[PDB]
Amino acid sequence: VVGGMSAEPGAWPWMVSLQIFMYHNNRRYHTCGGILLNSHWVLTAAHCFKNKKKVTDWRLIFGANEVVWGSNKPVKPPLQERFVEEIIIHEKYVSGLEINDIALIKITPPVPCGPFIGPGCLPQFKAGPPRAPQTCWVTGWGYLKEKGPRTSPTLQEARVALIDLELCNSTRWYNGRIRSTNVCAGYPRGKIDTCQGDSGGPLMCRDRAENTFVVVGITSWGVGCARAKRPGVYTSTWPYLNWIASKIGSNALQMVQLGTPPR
């Protein structure tokens, strides 16, 4: 994440680190982020699995705050490590343009939720698309600056602003490349944004009067990182409740949706 500071242990217990496991040397490399939905599913970005669709090219790390580049050493609790049992890229995903960039991963064996690992919430059917203004945060182990080979060993976080799509799409910004299933978040002057390695990660929001945060998007792409008028483009989770529910089950999704509590 370009900008923003490090996070504190337990601050975001649904963060999962998708890694690529080179078998010819047991090295693990963090390449994408992800969101813990339940004991056995993780929501992520589709593009992540490009040229990597074999369930054994991956390893999942939960309950982490500090992530090390290529490492072979096992992970000691509370950190957890897991294997991919399934990779479900969205049926109408479009590579390249990064459309319907959303995927689901089934874990094996399942993870135990504790002080450093628990689910995140998704929007309610009733939600509709993210209305600005609002206070959102993004987290991730990606680059700290456009390019710059090294990723962040310590999970980072940053506060960002939702931008209307009519603005995000205007000529002087993305000039048409944005669609209704997207969500743009960042700043007009940039400086703060996600970046490679953050992909698959969450865009969480809520209102000043509200208690809990909610994953309203998955980091998808953008033009560089932290550039003027080029906000990060995210996959709006709301329009995919639909698909999510058809893969993970109704109740499962129900359990990750806030009710109508006190305001």
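One rule holds for the numbers: they count along the sequence shown, beginning at 1.
Judged by mean Cα B factor in the deposited record, 61 to 69 ranks above the other of 202 to 210 and 61 to 69. Mean CA temperature factor is higher for 73 to 81 when stretches 97 to 105 and 73 to 81 are set side by side in the entry.
Ranking 118, 140, 129, 148 by Cα temperature factor from the entry places 148 first. In the PDB entry, residue 21 places in the highest third of its chain by CA B-factor. Residue 176: CA B factor lies in the middle third for its chain, per the PDB record. Placement of the Cα temperature factor of residue 123 within the chain: lowest third of the modelled residues, per the deposited record. Residue 40 sits in the middle third of its chain by CA B factor, as recorded in the PDB entry. In the deposited entry, the Cα temperature factor of residue 51 places it in the highest third of its chain's modelled residues.
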